[PDB]
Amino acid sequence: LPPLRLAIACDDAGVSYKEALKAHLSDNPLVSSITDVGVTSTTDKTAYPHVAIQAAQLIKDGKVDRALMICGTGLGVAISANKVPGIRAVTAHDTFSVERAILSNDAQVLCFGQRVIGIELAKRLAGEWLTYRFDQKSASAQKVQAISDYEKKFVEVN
């Protein structure tokens, strides 16, 4: 499989897992590059939507292929990334969900909750995530299309 470009993002509550995941993934041949949008210290209290939207915008703008996002629960980063047009983001902490996030939902964003999941499970799931690639000709693509259809309702004016 070809390697993918990743963005990674966290808030203050996700820093140590982010660092561990970044180290783990920097050795992986399915990762071509990692773009770290921060935060890079627990001292940085930047609110999670800013880091999530920045990382999601890198996907929309063709700079990366997927993003991995970490905060306390991984919920707010997923909500935030889903607000970006054409971006589909999940919070997932089990192997079946992570597979389906790609193969059913074509979700470019995977989010973890540092305060709820353990680091080895998170590393394992992130490694598995990279091995699935969405089939644009699948029956699932027609369901994803209904989401994209809804997104056509909106124009970005600001």
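Note that residue numbering begins at 1 and tracks the sequence as displayed.
Novice: Compare the mean C-alpha B-factor of 109-117 with that of 41-49 as given in the PDB entry, and name the stretch with the higher value.
Specialist: It is 41-49 that shows the higher mean C-alpha B-factor.
Novice: Out of 7-15 and 135-143, which stretch has the higher average CA B-factor listed in the record?
Specialist: Going by the record's values, the stretch with the higher mean is 135-143.
Novice: Sort 27, 128, 94, 65 by C-alpha B-factor from the entry and give me just the highest.
Specialist: Largest recorded C-alpha B-factor: 27.
Novice: Kindly indicate the residue among 34, 103, 59, 70 with the greatest C-alpha B-factor in the PDB record.
Specialist: Comparing C-alpha B-factors across 34, 103, 59, 70, the maximum falls on 34.
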